[PDB]
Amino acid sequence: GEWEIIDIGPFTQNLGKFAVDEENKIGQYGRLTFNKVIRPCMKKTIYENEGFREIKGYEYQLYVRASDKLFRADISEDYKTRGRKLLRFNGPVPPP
């Protein structure tokens, strides 16, 4: 459904932490140290159905600084169970 830019407050930073933690479990970029999530941060709201406002979940697209390098991460969250998954983690990328 809809997209919006969100600020980089505690909630967002904690999404970055989730992303680094999970990537660290995967191990493709070594041992990473979360530094910071930077602007911009995009949120997509995913609705359960056309015609209705029930929210199925969200996707977040982040730029996350870890171990002095900048990466892109995409994170899904289920509205109901609050489960999050790391959909993509890529970099180093150039600064936005």
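A residue's number is simply how far along the shown sequence it sits, counting from 1.
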Does the comparison with other PDB entries of this protein show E48 lacking coordinates in a third or more of them, where both adjacent residues are built? yes
Quick note on 6 to 14 and 75 to 83: per-entry mean CA temperature factor is higher in 75 to 83
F52: CA temperature factor from the record, placed by chain third, in the highest
So, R39's CA B-factor, relative to its chain, sits in which third? The middle
